[PDB]
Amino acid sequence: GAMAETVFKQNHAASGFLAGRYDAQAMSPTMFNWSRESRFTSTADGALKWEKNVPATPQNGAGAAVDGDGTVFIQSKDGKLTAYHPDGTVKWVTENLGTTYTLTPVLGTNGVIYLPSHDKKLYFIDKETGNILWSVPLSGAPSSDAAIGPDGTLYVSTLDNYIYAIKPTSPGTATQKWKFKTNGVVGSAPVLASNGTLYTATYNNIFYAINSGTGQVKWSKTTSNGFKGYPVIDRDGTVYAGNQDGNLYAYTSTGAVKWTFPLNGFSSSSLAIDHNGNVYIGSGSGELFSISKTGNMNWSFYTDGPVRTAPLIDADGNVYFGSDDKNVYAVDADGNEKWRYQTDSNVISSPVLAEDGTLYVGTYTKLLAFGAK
């Protein structure tokens, strides 16, 4: 289909994700393993453009992807993957793809969607048509989105306590590059840094730095409680990870503690990082935090329930997020409220921006679209 007018980049000057084989022509091909600072501006003012019924239980704030045409792809817990036109009408639908929990339909190159399924499978789906190209079995249910490496390898965690590195070779060879048995249930989903390290962590309180070429552990640390969600990585290779003990931890690429930052409650979302190195995270306290690269609070913004959406930053520094108080929120770069929108289900499916500034965000029951002013 069409291409976005500028290429998608996982990184800006202040982030340090491993560049992988994502659809560079897409508007938003991945939810995580990128800065979550959009290259697009938005004038969205809080007026709803449309809503669709999309029943879901997204893992760690998973949600929609958007290709170069602006087609919106989202999985629902009734077994469907649906492609929506920008006007909210349906372009295609494929059924029987997995229930109970949903994940992001990540867009790779050559128009392939990578969708792990609760049926213990990894689907490869044609984004133009919805056709299932083929699928690979997994030994346990997947507990992460598919991260894509520079050679096309897919990295996922599974519920039977593994990190998998799966290399697909067209038209139908799927190869275990390596598999790592973790000590405990994976709570921190795999993200990859520019130096080749994959980071993950378990509820036996172990945080791992793994060589993504070999699957061998580089170093590990234990903590009092478990990390959860998707960390962000800065340009120096420092990893910022939210912990259930109520702190954000910053670990350097060598495993040194750069700092910790208190969140007043369990970490409740995954992170974003802006091009000035500020990092953003939600808390079970109800607050969204903006924190500097040196660990100082820039601001906090209170909501009436846990903030479980990973925040999204636009090109002007505005921050979009949602809360278990059932509001979508937009604030400016200094934390000033711009608008809120009251819906009827907790806002937990993380926001996505299209090229024209349309903002998509989801609840347990709905996909919401907020148009430009």
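The numbering used is simple: start at 1 and walk along the sequence shown.
The mean C-alpha temperature factor is higher for 132 to 140 when 158 to 166 and 132 to 140 are set side by side. 185 to 193 and 108 to 116 differ in mean CA B-factor, and the higher of the two is recorded for 108 to 116. Within the selection 343, 35, 59, 309, the deposited Cα B-factor values reach their highest point at 343. Among 283, 214, 292, 253, the highest C-alpha B-factor recorded in the PDB entry belongs to 214. Split the chain's modelled residues into thirds by C-alpha temperature factor. Residue 151 is in the highest one. Ranked by C-alpha B-factor against the other modelled residues of its chain, residue 245 falls in the middle third. The deposited CA B-factor of residue 18 belongs to the lowest third of values across its chain. Among the modelled residues of its chain, residue 350 has a C-alpha B-factor that falls in the lowest third, as given in the PDB entry. Compared with the other modelled residues of the chain, the Cα B-factor recorded for residue 27 ranks in the middle third.
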